[PDB]
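J.: A single structure is presented below for examination.
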Amino acid sequence: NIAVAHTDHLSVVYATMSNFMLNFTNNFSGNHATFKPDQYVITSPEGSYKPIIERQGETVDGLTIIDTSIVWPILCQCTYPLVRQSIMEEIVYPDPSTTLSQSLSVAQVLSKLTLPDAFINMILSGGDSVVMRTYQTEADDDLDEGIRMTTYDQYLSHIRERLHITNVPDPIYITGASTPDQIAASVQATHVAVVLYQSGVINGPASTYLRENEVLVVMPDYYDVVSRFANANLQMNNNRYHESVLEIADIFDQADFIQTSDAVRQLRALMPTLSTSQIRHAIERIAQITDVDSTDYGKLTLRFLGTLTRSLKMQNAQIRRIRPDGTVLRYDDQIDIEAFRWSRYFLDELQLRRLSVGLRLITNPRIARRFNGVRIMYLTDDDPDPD
Amino acid sequence: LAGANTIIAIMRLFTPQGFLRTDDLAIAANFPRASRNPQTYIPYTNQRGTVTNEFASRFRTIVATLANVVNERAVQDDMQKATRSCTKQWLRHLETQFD
Amino acid sequence: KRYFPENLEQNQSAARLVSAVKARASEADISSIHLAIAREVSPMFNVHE
Amino acid sequence: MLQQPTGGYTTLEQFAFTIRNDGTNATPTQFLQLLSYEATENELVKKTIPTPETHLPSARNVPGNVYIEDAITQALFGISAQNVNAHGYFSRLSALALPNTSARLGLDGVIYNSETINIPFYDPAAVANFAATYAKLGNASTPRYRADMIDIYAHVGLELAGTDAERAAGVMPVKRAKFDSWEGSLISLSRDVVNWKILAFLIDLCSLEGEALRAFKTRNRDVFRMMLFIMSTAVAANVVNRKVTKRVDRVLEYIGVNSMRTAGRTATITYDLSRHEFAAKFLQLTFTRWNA
Amino acid sequence: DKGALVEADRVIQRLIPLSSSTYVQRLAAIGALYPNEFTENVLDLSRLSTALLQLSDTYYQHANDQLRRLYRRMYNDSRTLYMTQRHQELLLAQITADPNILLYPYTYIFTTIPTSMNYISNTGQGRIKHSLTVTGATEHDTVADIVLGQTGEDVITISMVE
């Protein structure tokens, strides 16, 4: 009796609902034997990735507990318009506008929600930094000068995941058979002046390459660094180096991965040393300053989403599939959508476009009316002039 | 050790993250001291970066190691399978708490 | 106490891990904490256990 | 009516194509000097370009004066342009294709429906010669007439990166263009080039013949190459920067290979699918004309 | 290659991966190399994929640097159909006969066929019984000792007397 109402009526409801704007995922291929959902996560190179799908213990007001017994009313006690016996009740075709506009209400609520966090993380994207000893190799090297190097731990903790995100071959190990030509080919392959050290001892032309080109060698440890290089100068010495920070912006320079505008750079140069609680406070302030009311549906949705704890670390975050095994896969043209290759700091294209103009505004000399340092000097002030 | 790499690796999680200070003010003050050259291990140096904090980053690698450890762990009972999935989230919470 | 991520404490399948964490997670005292901090620097005489 | 010189309209200083760079108005050639390359193992081989369809799309009855220069240059290099074919006004160029038409193509790049006062325009003969080919931009989108979006780019590679030897051979390694750069370099370049009065370049490309045309091609190779450059950045799979001892080198991988990317990115202008079709069509026509 | 007339539906029976996983790209790459020697033995088709993958993994594993790079090129430009000059000659013929025929357009002709060693590739049952030659083109010098693993009784047993 009901079968016509299902196959010939309800199916179309499903077929429209598949095209609703927010029904964005693939749910089921129709083959129970081999279907696993594609699993995206929002991976920051710093903190742990956050899967979109998981057993996170939210019941969503009990919605995730599935009661199968609902089928009994569906057969044995529910009217359908198609099953007449025959009243011929007219079919209802609901206005698109209601579900549509509530979908849009959700979307705009979410973008406006994320905005302050996304903006701040755009600024700080260069700010992650690694400890870097710079051993000197010349008779009159300045403290900045020499061969930059970092421990392998700092490499894994920052540089590697970022290389995974930029989708490049991993940097070559250098073995002391390494030609400067090979180090060059490696760097132009990965676009980052970096090589993993492997075994000693690095030869002179390679050393002059690494020095002249500011390439960052990556030692397993600092146990006997000068032994690792064949230094003809004998200028290199295990005690002769200078430890210093090295911003990720001083390494990576990708357009929608790491904001490396000199404006944003000097803006960060102005910043006090920051903890994550401070950054969170900055975001919470911008949100305080720019909160703008919702539309009643957006108030209902913000209320429904609950308190926005936002524990997830969005610093340099990206959208990437995990393997079911639990590893994070690299982006794949041939499977992941183009929209996922770069977060673009999670800002709209018009925002980035206006943003570049803003950066021109924020470095104009005329605006720079915060002045640094004063001369004290006892002196008569006939004919004053501020300049 | 040739066959026990995961154990040595988990054991590296315990390595202290600080540095070995000399007790210089105590030596200038001529304070009593049993050691020939007085020293002390500070558990952690102050954050020399502007955003990155090396302690918190170390705990990120530790907890990531530990989570991939729990993930690799075989279980028999269903309930163990559930707790195994839950501890990973717990670890993530910790890591944010430490940061 | 910020022991568990939100929801996970009340989650039914978390119950073992929760009972695990609760087994270890002792209540704070200024005295025990300051002691824990102080003994990193204080000389030890009777060997610790 | 502006008389065409014995050289093209391009000889006139009024039409000079120059991108801003190093604080001056650099000619495209002096910018192309900064370009440098990294050949990869992969190879581009130029297949013969299909002959463009004979069909000229109808310039449907349009009361207004279409701004065609703006439409083409924005379709090819414009930062924000989208859905370039649904309005489909490129067809209008065919109005100029007729002998003794009342329409004129002004130096503003507007297709006036009739001759109008105080609006200087290209010689109708030459515009007929140009429209005879470029009205086919109008059928960029019609399924029967779409141009290849993949193989045509090899020609772009060969005409840009390609050394005289590679161009003789017809095959070149897939290269990776790079130049020392200021912030937002590709964007400013794409606008400086969007501002060009390219219709001069095209009308001369299509109306000149013999030694005049050959002189035109040698004189303007760098202009063509620059348009090719903005386009190649619109299709390049990615555009990284490299630190190079207190200098930054912009790096587009790769020249001559359409990634077919339609996702926006800050570094360069992006082709929506319609722009890809339009550009492929434009490349078909311009390259077919560039070889005669 | 043996010159036989062939009534085949199409000159190249290999698929072109318009979009795919990497394993298929390496399959399509090894496929146009035509590594296999001619063979009349019945194959166990059920495991074919594995075989063809392992072959690929070894072909790249012991090929001279230029052939290696050729393999990589085919592996990245997987959308292209690599084909021998004679294939393309046949396509030219079948186009001239039927101008309206549709053929895959992105193709790359080998100006020169790769000169790799042909691989024996019987995948049916039977131990090989090699008779080793005393000497050969390879000149070994101070080769490292090759340990042989122990075998189960399930694989092979060693009774005292035939």
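Protein chains in written order, with the authors' numbering: chain A, 693 to 777, 786 to 1087; chain C, 594 to 692; chain X, 446 to 494; chain U, 1 to 292; chain R, 246 to 407.
Quick reminder that beta carbons are idealized off the backbone N, C-alpha and C, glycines included.
1) Taking all protein chains shown into account, decide if residue 679 of chain C is buried (16 or more other Cβ within 10 angstroms of its Cβ) or exposed.
2) Going along the chain, which residues of its own chain have a beta-carbon closer than 7 Å to the beta-carbon of residue 886 of chain A, five neighbours each way excluded?
3) Taking the Cβ atom as the reference point for each residue, do residue 253 of chain U and residue 234 of chain U lie within a distance shorter than 8 Å?
4) Tell me, which residues are paired with residue 682 of chain C by DSSP?
5) Tell me the DSSP secondary structure of residue 281 of chain U in three-state form.
6) Shortest alpha-carbon distance to residue 637 of chain C belongs to which of C:676, C:603 and C:609?
7) Which first and last residues belong to the alpha helix (DSSP H) in which residue 119 of chain U is found?
8) Nearest-angstrom Cα distance between residue 875 of chain A and residue 911 of chain A?
9) Report all residues from its chain with a CB closer than 8 Å to the CB of residue 1000 of chain A; omit the five preceding and five following residues, and keep chain order.
10) Thinking C-alpha only, which one of A:807, A:924 and A:955 is nearest residue 941 of chain A?
11) Could you round the C-beta distance between residue 77 of chain U and residue 269 of chain U to whole angstroms and report it? I think they count as a contact, below 8 Å.
12) Would you call residue 46 of chain U buried or exposed, if buried means 16 or more other Cβ atoms sit within 10 Å of its Cβ?
13) Is there contact between the stretch 93–101 of chain U and the stretch 276–288 of chain U, where contact requires at least three CB pairs shorter than 8 Å?
14) Give me the residue from U:292, U:171, U:86 and U:222 with the minimum Cα distance to residue 39 of chain U.
15) Note down, in chain order, every chain A residue with its Cβ under 8 Å from the Cβ of residue 241 of chain U.
16) With three or more C-beta pairs closer than 8 Å as the rule, is the stretch 636–651 of chain C touching the stretch 961–976 of chain A?
17) What residue range does the beta strand (DSSP E) around residue 613 of chain C cover?
18) Could you tell me the alpha carbon to alpha carbon distance between residue 476 of chain X and residue 483 of chain X, rounded to whole angstroms?
19) Which residues of chain R have a Cβ atom closer than 9 Å to the Cβ of residue 882 of chain A, listed in chain order?
20) Starting from the Cα of residue 878 of chain A, find the closest Cα among A:1022, A:869, A:790 and A:907 and give me that residue.
21) Can you tell me the Cβ-Cβ gap for residue 53 of chain U and residue 146 of chain U, rounded? I've got them flagged as a contact below 8 Å.
22) According to the Cβ coordinates, are residue 814 of chain A and residue 957 of chain A closer than 8 Å?
23) For residue 153 of chain U, count the other beta carbons within 10 Å of its own beta carbon; 16 or more makes it buried, fewer makes it exposed. Which is it?
24) Please decide whether residue 492 of chain X counts as near chain C, where near means a Cβ-Cβ distance under 8 Å.
25) Evaluate residue 155 of chain U with the Cβ neighbour count: other Cβ atoms within 10 Å of its Cβ, from every protein chain shown; 16 or more gives buried, anything less gives exposed.
26) List, in order along the chain, the chain A residues whose C-beta lies closer than 8 Å to that of residue 485 of chain X?
27) Given a threshold of 16 other Cβ atoms within 10 Å of its Cβ, counted over all protein chains shown, does residue 323 of chain R qualify as buried or as exposed?
28) Anything in the stretch 314–330 of chain R with a Cβ closer than 7 Å to a Cβ of chain U? List those residues in chain order, please.
29) Return the residue from the list U:59, U:239 and U:163 that minimises the CA-CA distance to residue 225 of chain U.
30) Any chance the stretch 670–686 of chain C sits against the stretch 449–456 of chain X, with 3 or more Cβ pairs inside 8 Å?
31) Can you tell me whether DSSP reads residue 105 of chain U as helix, strand or coil?
32) Determine the extent of the beta strand (DSSP E) in which residue 787 of chain A is found, giving its start and end residues.
33) Can you give the Cα-Cα distance for residue 769 of chain A and residue 709 of chain A, rounded to whole angstroms?
34) What does residue 248 of chain U reach in chain A if we use C-beta pairs closer than 9 Å?
35) For residue 111 of chain U versus residue 66 of chain U, is the C-beta distance shorter than 8 Å?
36) Residue 470 of chain X versus chain C: which residues are under 9 Å apart at the beta carbon?
T.: According to the data block:
1) For the purposes of this step, residue 679 of chain C is taken as residue 86 along the second sequence, with counting starting at 1. Result: buried.
2) If you number the first sequence from 1, residue 886 of chain A lands on position 186. If we look at residue 886 of chain A and ignore the five residues flanking it on each side, its Cβ neighbours are 871, 872 and 895.
3) Locating residue 253 of chain U in the fourth sequence gives position 253, where the first residue counts as 1. Locating residue 234 of chain U in the fourth sequence gives position 234, where the first residue counts as 1. No, the Cβ-Cβ distance between residue 253 of chain U and residue 234 of chain U is not below 8 Å.
4) Start at 1 with the first residue of the second sequence, and residue 682 of chain C comes out as number 89. Looking at the DSSP assignment, residue 682 of chain C forms no beta bridge with any residue, so it has no partner.
5) Along the fourth sequence, one-based indexing puts residue 281 of chain U at 281. Note: residue 281 of chain U maps to helix in three-state DSSP.
6) On the second sequence, position 44 is the one that residue 637 of chain C refers to. Closest option to residue 637 of chain C, judged by alpha-carbon separation, among C:676, C:603 and C:609: C:609.
7) Here residue 119 of chain U refers to the residue found at position 119 of the fourth sequence. No alpha helix (DSSP H) holds residue 119 of chain U; DSSP gives it neither H nor E.
8) Position 175 of the first sequence, counted from the first residue, corresponds to residue 875 of chain A. Position 211 of the first sequence, counted from the first residue, corresponds to residue 911 of chain A. So the alpha carbons of these two residues sit roughly 17 Å apart.
9) Mapped onto the first sequence, residue 1000 of chain A falls at position 300. Cβ within range, chain order: n/a, list empty.
10) Taking the first sequence and counting its residues from 1, one reaches residue 941 of chain A at position 241. Closest option to residue 941 of chain A, Cα to Cα, is A:924.
11) Your numbering for residue 77 of chain U matches position 77 in the fourth sequence. Your numbering for residue 269 of chain U matches position 269 in the fourth sequence. Indeed they touch by this definition, with Cβ atoms about 6 Å apart.
12) In the fourth sequence, the residue the question calls residue 46 of chain U occupies position 46. Residue 46 of chain U should be labelled buried.
13) As far as the Cβ criterion goes, the stretch 93–101 of chain U does not touch the stretch 276–288 of chain U, which means the pair count is below three.
14) Counting from 1 along the fourth sequence, the entry for residue 39 of chain U is found at position 39. For residue 39 of chain U, the nearest C-alpha among the options comes from U:171.
15) By one-based count along the fourth sequence, residue 241 of chain U stands at place 241. Near residue 241 of chain U (Cβ distances below 8 Å), the residues of chain A are 891, 953, 954, 955 and 960.
16) yes
17) Against the second sequence, residue 613 of chain C aligns to sequence position 20. Element bounds for residue 613 of chain C: 612–615.
18) Counting from one through the third sequence, the residue named residue 476 of chain X turns up at place 31. Counting from one through the third sequence, the residue named residue 483 of chain X turns up at place 38. Going by the C-alpha atoms only, they are around 10 Å apart.
19) The residue you call residue 882 of chain A lines up with position 182 of the first sequence. Ordered by position in chain R, no residue passes the 9 Å Cβ test against residue 882 of chain A, which lies about 14 Å from the chain.
20) Start at 1 with the first residue of the first sequence, and residue 878 of chain A comes out as number 178. It is A:907.
21) In the fourth sequence, the residue the question calls residue 53 of chain U occupies position 53. In the fourth sequence, the residue the question calls residue 146 of chain U occupies position 146. Not confirmed; about 10 Å, so no contact.
22) As a position in the first sequence, residue 814 of chain A is number 114, starting the count at 1. As a position in the first sequence, residue 957 of chain A is number 257, starting the count at 1. No; because the gap between Cβ atoms is not below 8 Å, this pair is not in contact.
23) Along the fourth sequence, one-based indexing puts residue 153 of chain U at 153. Result: buried.
24) The residue given as residue 492 of chain X occupies position 47 in the third sequence. At a cut-off of 8 Å between beta carbons, residue 492 of chain X makes no contact with chain C.
25) Counted from its first residue, the fourth sequence places residue 155 of chain U at position 155. The residue is buried, with at least 16 neighbouring Cβ atoms inside 10 Å.
26) Reading the third sequence from its first residue, position 40 is the one you call residue 485 of chain X. The premise fails here: residue 485 of chain X is roughly 23 Å from chain A at the closest Cβ pair, so nothing lies under 8 Å.
27) Taking the first residue of the fifth sequence as position 1, residue 323 of chain R is located at position 78. Classification of residue 323 of chain R: buried, given that the 10 Å Cβ count is 16 or more.
28) 314, 317, 318, 321 and 322
29) On the fourth sequence, residue 225 of chain U is found 225 positions in, with the first residue counted as 1. For residue 225 of chain U, the nearest C-alpha among the options comes from U:163.
30) yes
31) For the purposes of this step, residue 105 of chain U is taken as the residue at position 105 of the fourth sequence. Strand.
32) Along the first sequence, one-based indexing puts residue 787 of chain A at 87. It is not in any beta strand (DSSP E) - residue 787 of chain A carries neither H nor E in the DSSP assignment.
33) Sequence index remark: in the first sequence, residue 769 of chain A carries index 77 (1-based). Sequence index remark: in the first sequence, residue 709 of chain A carries index 17 (1-based). Taking the straight line joining both Cα atoms gives about 25 Å.
34) Counting from one through the fourth sequence, the residue named residue 248 of chain U turns up at place 248. Within 9 Å Cβ-Cβ: 953 and 960.
35) Numbered from its first residue, the fourth sequence carries residue 111 of chain U at position 111. Numbered from its first residue, the fourth sequence carries residue 66 of chain U at position 66. In contact: residue 111 of chain U and residue 66 of chain U (Cβ atoms closer than 8 Å).
36) One-based indexing of the third sequence puts residue 470 of chain X at position 25. The premise fails here: residue 470 of chain X is roughly 11 Å from chain C at the closest Cβ pair, so nothing lies under 9 Å.
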